[PDB]
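Order of writing sets the labels: A, B, C and D. Residues in every chain begin at 1.
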Amino acid sequence: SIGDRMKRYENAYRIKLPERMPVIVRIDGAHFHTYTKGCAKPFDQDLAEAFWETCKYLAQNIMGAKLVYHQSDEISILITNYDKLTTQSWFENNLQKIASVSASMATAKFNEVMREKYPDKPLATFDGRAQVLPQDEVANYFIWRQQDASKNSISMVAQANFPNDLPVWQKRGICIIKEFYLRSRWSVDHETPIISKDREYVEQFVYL
Amino acid sequence: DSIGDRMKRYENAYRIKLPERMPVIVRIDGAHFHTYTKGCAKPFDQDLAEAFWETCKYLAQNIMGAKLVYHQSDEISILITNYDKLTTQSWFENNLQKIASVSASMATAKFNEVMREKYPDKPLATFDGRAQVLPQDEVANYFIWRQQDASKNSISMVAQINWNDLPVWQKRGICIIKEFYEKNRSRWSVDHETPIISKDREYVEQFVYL
Amino acid sequence: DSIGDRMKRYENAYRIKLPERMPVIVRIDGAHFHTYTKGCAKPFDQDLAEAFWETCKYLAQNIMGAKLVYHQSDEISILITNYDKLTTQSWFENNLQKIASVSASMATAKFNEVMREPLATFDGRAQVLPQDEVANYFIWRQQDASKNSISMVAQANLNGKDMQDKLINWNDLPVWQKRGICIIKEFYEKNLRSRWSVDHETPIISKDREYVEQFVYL
Amino acid sequence: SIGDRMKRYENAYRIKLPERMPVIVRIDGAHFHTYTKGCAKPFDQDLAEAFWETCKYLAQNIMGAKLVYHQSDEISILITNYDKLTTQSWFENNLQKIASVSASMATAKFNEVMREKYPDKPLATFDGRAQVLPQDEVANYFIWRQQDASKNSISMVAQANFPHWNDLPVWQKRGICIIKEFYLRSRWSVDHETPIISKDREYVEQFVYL
């Protein structure tokens, strides 16, 4: 056949992550330094809330999503596929499919939320990447990301003053977690802890 | 720094790059469109395709190395070359995940924007993207394999009356190509006179063998 | 310099690395060993087996992070851990093509020196496993080892249980003829020394999972 | 079953090279700086002669092998798999299988040849890597290695007389090649008249462009 030939060229880059391992997917904004030219400083409230709604939507549509952390213009999502013994994988851990769909989902909701408040704003695009992490390295990832949060935070505030203790999401970002009330829901945790002081906040979704 | 170096190695473990100076094909297919096209008209919705055609142009405009964009059903195939000269650079330096995700993202934002207008309240449409490389002699055969699947889907959609009288886009899908016009220049435009590539192979190979 | 950078980009396109701090398994199967073992005894050749046992030792003595080397038929599996400490380095920095080739190269180098008393060649592949699957791997190889052994004895001269039922006691046969064999580091006294030994009393991993899990969990 | 799940982990690193494309395989000696301690300087005949035979054995067993180039302790091999429309790739372009069996092949033979003259010599080991190249670069690759071989040749010769030339044979100056020779029988022989590729581009491209 010729479909066998063409599909063969395709499969040469059909990469699959090994299963039963933590999966972290990061979605950073594409050229947001130009996109946030009209946004306010040091932090834009409307811009931050757009991510929060976007993070929920991602968590609501991604199989195995347990935790979503937001900062600056990036979104990181912890995905587990070893909850039970027969737990299925999202797209069978198809590397390209995970990175693209997540980016696509984060692109759809973010735009539709932003355009409601800003109908003249240009389209916003996102890049996505996937990776695996050993269990003992999952908490260290979000710590490393949160240390990047605070560093960027103090740099953004000091840039206004010359060339004390801001709110939570302005200091170390926030997370979107599962909440119970018996039904399940995702909600923005404004009381986000410093992960280095409360590692179990992440590890509760890692070791299970 | 120290902790960032360790984390980067895990990330770089799946930092795959496509080899340079080779034809690149990015296919962007719509996720769960069988559910999404519930309200759309059968067998051919002119507004459904027009939203794709507006997206195809958007993709070709922003994707570095874009030469041709063939549309069919719910999928979009983009041909990319990075060997136009010796100083030619690749899109995102041929980062596999980045090309696949940015493309699927660009396709998503433009499609929803067009569809939102004149259809208020429609559910969000999403896309998945994949990248690959092809030897020059196989590039034409890729589109033929795609143009053949189009006609297969076309006649099967008509069934569930002359088929050959139907428009070229309903029968064989429609490519979009950079057209040259005079004003005061280049311009991406939809080719409604899209030929049967199996017959006219140079229609695609013209961008391949540069 | 400039040209070299260009070529390297093509080469680096397939410089793939396994994620670190994760159990790495390397399997080395023989190439065309059906032809190679023509002069060898059936169902089992003692001289052919002992060569692998020396090869497994040679490998373990040289693979950085090697903890367990299981032998069976014409295959050689090796458990490699790189998370023993906090500053534990990875063999070749987990370069996939490298550890797959140097392994096969090593096994080739020794297996020919021993047997020279044609040429045998090998293939090598590497992968990572989650901690709770390492045990299941060697079990899978060991269970496969038994099936081949029962099917080999029955031959000269349907299901595996049916063949065992008919056929000369099979359980009377030694361990290596039954469920393959492992080689591990043993600690002995000759005055507190250490060496890689061929564990002739290799347990059924399905029964004794800790036999392998001791190398997976610190 | 458990067998299906286990093969799944394995398949996660069962990488395949794209087909209909030049495949270059490089085989380099592992820590030969130690192995060649007993060997002469700057150019050891018996060491190089062992590689020449190894290059024969490699080309005699690699499906699609066209050209083999020897330098220092490395061995490069050009592999095409598009000579015909039905040409099959070696090991179906399995990256790990190509890389490993190649190095295993080299190791098995190199130790056999070297043992004839040096029975006291320790075991030699090789590492193998595999890649693909667009046709434009195949000649360039071998030039890159050959220009590298020339640099080292001049420097190493300069080591013996001063601390810190064209009269020397070809292999001591710019390495050597192994091509299939026709005499109607065929055989892989050592081209002792191996040209400077940068001048004779067709010497390599003749296997590339078919």
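Note that in this section a contact is a pair of C-beta atoms (placed from the backbone, for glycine too) under 8 Å apart; a residue touches a chain by one contact, two chains touch by 3 or more.
Counting C-beta pairs in contact, the pair that comes out ahead of the other among C-D and A-D is C-D. Taking each chain's centre as the mean of its C-alpha atoms, chain C lies 28 Å from chain D. Centre-to-centre separation of chain A and chain D, using mean CA positions: 46 Å.
Centre-to-centre spacing of chain B and chain C amounts to 46 Å, using the average Cα coordinate of each chain. Here the CA centre of chain B is 40 Å from the CA centre of chain D. Of all residues in chain D, those touching 2 or more other chains are 9, 12, 15, 17-19, 131-133, 137, listed in ascending order. If you sketch which chains touch which, every chain touches every other chain without exception. Each chain pair that touches appears in this list: A-B, A-C, A-D, B-C, B-D, C-D.
Remark: chain A residues 5, 8-9, 11-12, 15-19 touch chain D in the complex.
Interface residues of chain A facing chain C in the complex, by the touch rule stated above, are 18-21, 82, 131-134, 136-137.
Against chain D, in their complex, chain C makes its touches with residues 3-4, 6-7, 10-11, 13-16, 18, 31, 96-98, 100-110, 112-113, 119-129, 133, 136-137, 139-140.
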